[PDB]
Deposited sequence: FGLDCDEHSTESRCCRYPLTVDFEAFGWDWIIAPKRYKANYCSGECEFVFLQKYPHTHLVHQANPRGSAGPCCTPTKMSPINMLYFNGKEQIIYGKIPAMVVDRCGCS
């Protein structure tokens, strides 16, 4: 399992994606859905690792020196949207919702 939080470790923070507010009216439904993401530290463990970790944020903040706080379990969502041919499709779009957050 994983940990779920709101308001320290690799925890799940909820986030509602609004396609209206984003300005993507081409997707009819859902206008809004609870999506979530993963934030927090991933390993301690011992200790000579700290220089390699600290050096990572200096070179590339997008870089990972070890396990990352990434979603483990992801659920799909059913979506109604306009296609670039003037038609409206219903589709099962995979991995839209984050269900669990763990360390890689």
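Against the full deposited sequence, the model leaves out just one stretch, namely 8 to 11.
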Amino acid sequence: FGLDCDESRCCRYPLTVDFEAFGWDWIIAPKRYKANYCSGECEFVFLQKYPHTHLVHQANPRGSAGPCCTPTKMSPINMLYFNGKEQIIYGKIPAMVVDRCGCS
From here on, numbers count along this sequence of modelled residues.
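Looking at mean Cα B-factors across 60 to 68 and 39 to 47, the upper value is held by 60 to 68. Mean CA B-factor, 8 to 16 versus 81 to 89: the higher value falls on 8 to 16. When the modelled residues of the chain are ordered by their C-alpha B factor, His52 lands in the middle third.
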